[PDB]
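Protein chains in written order, with the entry's author numbering: chain C, 5 to 42, 49 to 76, 83 to 128; chain B, 5 to 42, 49 to 76, 83 to 128; chain D, 6 to 144, 152 to 290; chain A, 6 to 144, 152 to 290.
Here is the structure:
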């Protein structure tokens, strides 16, 4: 129903920072939760309320904005294809790659 | 369920004769009626009993055998793609291109 | 949708064994008042179904040219069907008319092949012939069978008609909505000319029985038309014929109808047929 | 398969209003004999369904590791469920235990989210909360509600369990066949230790009532499990909650149960919820 496109992937030296962008197209009115995975849960924002849930491994180092993912303090373990995701209905269960039905192609991020 | 292949098509001078062949592959045990169209009904044989129904336009000029279609007294109106067909269950309603579910690709026959 | 046939069967069986209970508990009641109040009550149920399923109303789909089939089938099965069936009840018995109304699929299995050009040449014919043989083995006769076949032709032709309209751009709920609207109009016209009294319907108990009977009958018709839509008129009636097994079961269980050995044999024959069809 | 939910609802409502009729016409009858004979009679119906649907038997699919869920759910909902529900009947009334057995989907809507990791965060929660509010607005209480929630937890957890097994390689008819087999074994073990008499079942009228009740209940369970299979546990129970509307309708129509204004309001609330869910 919604087409997701990712941008900003590439190679980054460890110890810096990076920004990744996700653009959604289509019926974007009733999507509750937006997400950012690499399929582990790394970020998930709620549209109306404005809260952002993260992973404990990166909680406090990565940040979400409305979708922009700003990742700081990069480590070589972060080399992965990052995927976007949306949820038709959501209250309190983010970060799971079975709730989110709308899936993107993902872009590669390699930390050196 | 059944793949149908036709052979023998080509160009024939009017006033001669021609033979067209149909080979069926797959689950060929429960097919009752075999057919030959050009989607008008031109020929349809019953497997068990052995009767053959034809079209009144060609009844007495074309003949069926078990599938071989021998067409005699060709006329320029017979230029068409001939198709094979089979029927899962059949008693008395041949020559209709909605009864027959298994369809072939057909071969071109051009009368000059 | 193979289970929808059997569901239509069981729900029409429940509706019929509710109708028998109604006509047994009430003597003065007449079938013309019952059918009219049934249809008037069920029109609300159909409006509810339509409003819940999709948008409010779609009246541009009720084209005048195509849906003549459904109105003619409704006025050919509803009013005169029930009239001739009650005539058969008064003529040759209360339970033979129902047996012929169950042997009805013969005319449908003929028409669907000949008129609609359907392809049922040898698969279903055997199960339906076996059901027919069972119903005839269950049992002035020349006129009783004449009126009975007059009922059966109509009740088997409503199916062939109802599968003619729903071929293109007529869902299950609308093709039945117009059917019930037209049957209600027809019964209204029939009652108005005869000035049949409506005082009996005011009873609360009778109204409750009528609303449960209308709910059962309408779920039956809805499942039956969902079947016909995607299972045609050739087997979608044969599968529904199973309602005689139910009707007999619920009559011998709830209403306390006497059980005989011949009815067990007929029920076994018809259930064997219904099992053969799948 | 959205209509299967409401179909399970109507068929369980019919089964329950047949059970009320049975227990009203017979005084000496006890729920343990009734449940045992029901299950023993319905095992034949399930064998018939299985033999007609597909091949004779497939016992290699009844693996010991996975189907512990279904056996534990059956012995957790069937025997002790009915025992504690009859305890609630004797404690705080004959119709409040049924109301809690209808408010059951709360524990299911909690478990399906937390334990099975299902995604129902905000869509269904509102309809189910509204149904719950209606059932509580319909109405020693601290122990009655305790036993009632003990029944509701079990009857809502059988659904979460039954949707755990059918995730991979267990169809609707087998996951229920083992359920009924194990419930029958459990009730047999319970009866043997208490030496409950089986003389009442020999009655022909009671056998007819039990076979129609088993047929209704089994069509209900089958439609309900076909729903759960493809509609999950979160809404497939909420849709089935509609059976309280039916039960009340058939009680006030057929059994002659008195009608009060508060029950109309509760039925309107729960039908509003059921309509909201779709």
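Virtual Cβ for every residue (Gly too), placed ideally from N, Cα, C.
- Task: In the DSSP assignment, find the unbroken alpha helix (DSSP H) run with residue 251 (chain D) in it and report its ends.
- Result: Reading the third chain from its first residue, position 239 is the one you call residue 251 (chain D). Here the alpha helix (DSSP H) through residue 251 (chain D) covers 248-252.
- Query: Is residue 16 (chain D) near residue 174 (chain D), with beta carbons less than 9 angstroms apart?
  - Reply: In the third chain, residue 16 (chain D) corresponds to position 11, counting from 1. In the third chain, residue 174 (chain D) corresponds to position 162, counting from 1. No, these two residues do not count as a Cβ contact at 9 angstroms.
- Would you tell me roughly how many angstroms separate the C-alpha atoms of residue 114 (chain D) and residue 245 (chain D), rounded to the nearest one? To locate residue 114 (chain D), count along the third chain from 1; it is residue 109. To locate residue 245 (chain D), count along the third chain from 1; it is residue 233. Roughly 7 angstroms between the two C-alpha positions.
- Task: Put residue 34 (chain B) into one of helix, strand or coil per three-state DSSP.
- Result: Translated into the one-based positions of the second chain, residue 34 (chain B) becomes position 30. Residue state, collapsed to three classes: coil.
- Message: Against residue 62 (chain A), what residues of chain D qualify as contacts under a CB-to-CB distance less than 8 angstroms, listed in chain order?
- Response: Here residue 62 (chain A) is taken as the residue at index 57 of the fourth chain, counted from 1. Here the premise fails: no neighbours, minimum Cβ distance about 18 angstroms.
- Query: In the structure shown, what three-state DSSP assignment does residue 241 (chain A) receive?
  - Reply: Counting from 1 along the fourth chain, the entry for residue 241 (chain A) is found at position 229. The answer is helix: DSSP assigns residue 241 (chain A) an H, G or I state.
- How about the stretch 80-89 of chain D and the stretch 219-230 of chain D: do they share at least three Cβ pairs that are nearer than 8 angstroms? no
- Give every residue of the same chain whose Cβ lies closer than 6 angstroms to the Cβ of residue 195 (chain D), excluding the five residues on either side of it in the sequence, and list them in chain order. On the third chain, residue 195 (chain D) is found 183 positions in, with the first residue counted as 1. Cβ within range, chain order: 44, 79 and 83.
- What number of angstroms, rounded off, separates the C-alpha of residue 74 (chain A) from the C-alpha of residue 20 (chain C)? Residue mapping note: residue 74 (chain A) aligns to position 69 of the fourth chain, counting from 1. Residue mapping note: residue 20 (chain C) aligns to position 16 of the first chain, counting from 1. Taking the straight line joining both Cα atoms gives about 50 angstroms.
- Message: According to DSSP, is residue 87 (chain C) part of a helix, a strand, or is it coil?
- Response: By 1-based counting over the first chain, the position of residue 87 (chain C) is 71. DSSP places residue 87 (chain C) in strand when its eight states are reduced to three.
- Beta-carbon proximity check, residue 12 (chain B) vs residue 101 (chain B), cutoff 9 angstroms: Residue numbering aside, residue 12 (chain B) sits at position 8 when the second chain is read from its first letter. Residue numbering aside, residue 101 (chain B) sits at position 85 when the second chain is read from its first letter. No, Cβ-Cβ distance for residue 12 (chain B) and residue 101 (chain B) is not below 9 angstroms.
- Task: Output, in chain order, the set of chain A residues within a Cβ distance shorter than 7 angstroms of residue 112 (chain C).
- Result: To locate residue 112 (chain C), count along the first chain from 1; it is residue 96. Going along chain A in sequence order, the residues near residue 112 (chain C) (Cβ under 7 angstroms) are 122.
- Please classify residue 34 (chain C): is it buried, with 16 or more other beta-carbons within 10 angstroms of its beta-carbon, or exposed? Walking along the first chain from the start, residue 34 (chain C) turns up at place 30. Exposed.
- Query: Taking 9 angstroms as the CB-CB cut-off, is residue 118 (chain A) touching chain C?
  - Reply: The residue you call residue 118 (chain A) lines up with position 113 of the fourth chain. Residue 118 (chain A) counts as touching chain C.
- Task: Would you tell me roughly how many angstroms separate the C-alpha atoms of residue 59 (chain A) and residue 135 (chain D), rounded to the nearest one?
- Result: Within the fourth chain, residue 59 (chain A) is the residue found at index 54, counting from 1. Within the third chain, residue 135 (chain D) is the residue found at index 130, counting from 1. Using only the alpha carbons, I get a separation of about 23 angstroms.
- Query: Given residue 83 (chain B), which residues of its chain have a CB within under 6 angstroms of its CB, disregarding the five upstream and five downstream residues?
  - Reply: As a first step, residue 83 (chain B) is located in the second chain; it is residue number 67 there, counting from the start. Cβ neighbours of residue 83 (chain B) beyond the five flanking positions: 26 and 38.
- Query: Of the choices D:286, D:255 and D:285, whose alpha-carbon is the least far from that of residue 20 (chain D)?
  - Reply: The count along the third chain starts at 1 and reaches residue 20 (chain D) at position 15. Among D:286, D:255 and D:285, the Cα nearest to that of residue 20 (chain D) belongs to D:255.
- Query: According to the neighbour-count rule (16 or more other Cβ atoms, all chains shown, within 10 Å of its Cβ), is residue 278 (chain D) buried or exposed?
  - Reply: Within the third chain, the letter at position 266 stands for residue 278 (chain D). Under this definition residue 278 (chain D) is a buried residue.
- Message: Residues of chain D with CB closer than 8 angstroms to the CB of residue 264 (chain A), please, in chain order.
- Response: Counting from one through the fourth chain, the residue named residue 264 (chain A) turns up at place 252. Per Cβ cutoff of 8 angstroms: 220.
- If you compare alpha carbons, which of C:10, C:18 and C:5 is closest to residue 88 (chain C)? Taking the first residue of the first chain as 1, we reach residue 88 (chain C) at position 72. Per the Cα distances, C:18.
- Item | Distance CB(residue 152 (chain A))-CB(residue 185 (chain A)) smaller than 9 angstroms | One-based indexing of the fourth chain puts residue 152 (chain A) at position 140. One-based indexing of the fourth chain puts residue 185 (chain A) at position 173. No, Cβ-Cβ distance for residue 152 (chain A) and residue 185 (chain A) is not below 9 angstroms.
- Query: Is residue 55 (chain A) near residue 189 (chain A), with beta carbons less than 9 angstroms apart?
  - Reply: One-based indexing of the fourth chain puts residue 55 (chain A) at position 50. One-based indexing of the fourth chain puts residue 189 (chain A) at position 177. Contact: yes.
- Which runs of the alpha helix (DSSP H) fall wholly inside the stretch 52-87 of chain A and span at least 4 residues, in chain order? 73-82
- Task: Identify, in the order they occur along the chain, each residue of the same chain with its Cβ nearer than 8 angstroms to the Cβ of residue 111 (chain D), setting aside the five sequence neighbours on each side.
- Result: Numbered from its first residue, the third chain carries residue 111 (chain D) at position 106. So the qualifying residues of the chain are 133, 137, 164 and 168.
- Task: Would you identify the three-state DSSP class for residue 2 (chain B), choosing helix, strand or coil?
- Result: What the structure shows of chain B is the stretch from 5 to 128, and residue 2 (chain B) is not part of that stretch, so it cannot be assessed.
- Message: Taking the beta carbon of residue 61 (chain A) as the centre, do at least 16 other beta carbons fall within 10 Å, making it buried, or is it exposed?
- Response: One-based indexing of the fourth chain puts residue 61 (chain A) at position 56. Counting Cβ neighbours within 10 Å, residue 61 (chain A) comes out exposed, since fewer than 16 surround it.
- Message: Does any residue of chain A have a CB that is nearer than 9 angstroms to the CB of residue 213 (chain D)?
- Response: The sequence position of residue 213 (chain D) within the third chain is 201, counting from 1. By this cut-off, residue 213 (chain D) is not an interface position.
- Can we say the stretch 103-120 of chain B touches the stretch 209-216 of chain D, given the rule of at least three CB pairs closer than 8 angstroms? no
- Just grab the DSSP bridge partners of residue 51 (chain B) for me. The residue you call residue 51 (chain B) lines up with position 41 of the second chain. According to DSSP, which records beta bridges pairwise, residue 51 (chain B) is partnered with B:41.
- Message: Check whether the stretch 90-105 of chain D and the stretch 58-73 of chain B are in contact - that is, three or more C-beta pairs closer than 8 angstroms.
- Response: no
- Closest Cβ-Cβ distance between residue 252 (chain D) and chain B: below 9 angstroms? Indexing the third chain from 1 puts residue 252 (chain D) at position 240. No, residue 252 (chain D) does not count as interfacial toward chain B.
- Message: Suppose contacts are defined by Cβ-Cβ distances below 9 angstroms. Is residue 159 (chain D) in contact with residue 237 (chain D) by that definition?
- Response: For the purposes of this step, residue 159 (chain D) is taken as residue 147 along the third chain, with counting starting at 1. For the purposes of this step, residue 237 (chain D) is taken as residue 225 along the third chain, with counting starting at 1. Taking 9 angstroms as the Cβ cut-off, residue 159 (chain D) and residue 237 (chain D) do not qualify as a contacting pair.
- Task: Measuring only between beta-carbons, confirm whether residue 152 (chain A) sits less than 9 angstroms from chain C.
- Result: If you number the fourth chain from 1, residue 152 (chain A) lands on position 140. It does not; no Cβ of chain C falls within 9 angstroms.
- Query: For residue 105 (chain D), which of D:90, D:117, D:121 and D:266 has the nearest alpha-carbon?
  - Reply: Residue 105 (chain D) sits at position 100 when you count from the first residue of the third chain. The residue with the shortest Cα to Cα distance from residue 105 (chain D) is D:90.
- Message: Measuring straight from C-alpha to C-alpha, what distance separates residue 70 (chain A) and residue 234 (chain A)?
- Response: Numbered from 1 along the fourth chain, position 65 holds the residue referred to as residue 70 (chain A). Numbered from 1 along the fourth chain, position 222 holds the residue referred to as residue 234 (chain A). For residue 70 (chain A) and residue 234 (chain A), the distance between alpha carbons rounds to 23 angstroms.
- Query: Can we say the stretch 57-66 of chain B touches the stretch 89-98 of chain C, given the rule of at least three CB pairs closer than 8 angstroms?
  - Reply: no
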